[PDB]
């Protein structure tokens, strides 16, 4: 609902519109909170921020995709990951926000 501030990155549940946000410089717990984990999301990253997602817990095994701006889940299904594969980040389980 509320747009990400400049130094924040958010994912937003497609089902509920509830937002999960982190300031630049922070990461999630081992898993995202129970109220969002593994739900389908869109990305809403603030103007100075980049959202890093994993389809696994704990930002693990280089299973990490990069997202800037506003990204819809349909565009998150075959994304080049740090591990060299094209992964589906539309239902992420962990997250980090950095400066773009």
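Positions refer to the first chain, counted from 1.
Of the two segments examined, 29-37 and 56-64, it is 29-37 that shows the higher average Cα temperature factor in the deposited entry. In this crystal structure, the stretch out of 89-97 and 3-11 whose C-alpha atoms carry the higher mean B factor is 3-11.
Ranked by Cα temperature factor within the chain, residue 78 sits in the lowest third according to the deposited record. Split the chain's modelled residues into thirds by C-alpha temperature factor. Residue 47 is in the highest one.
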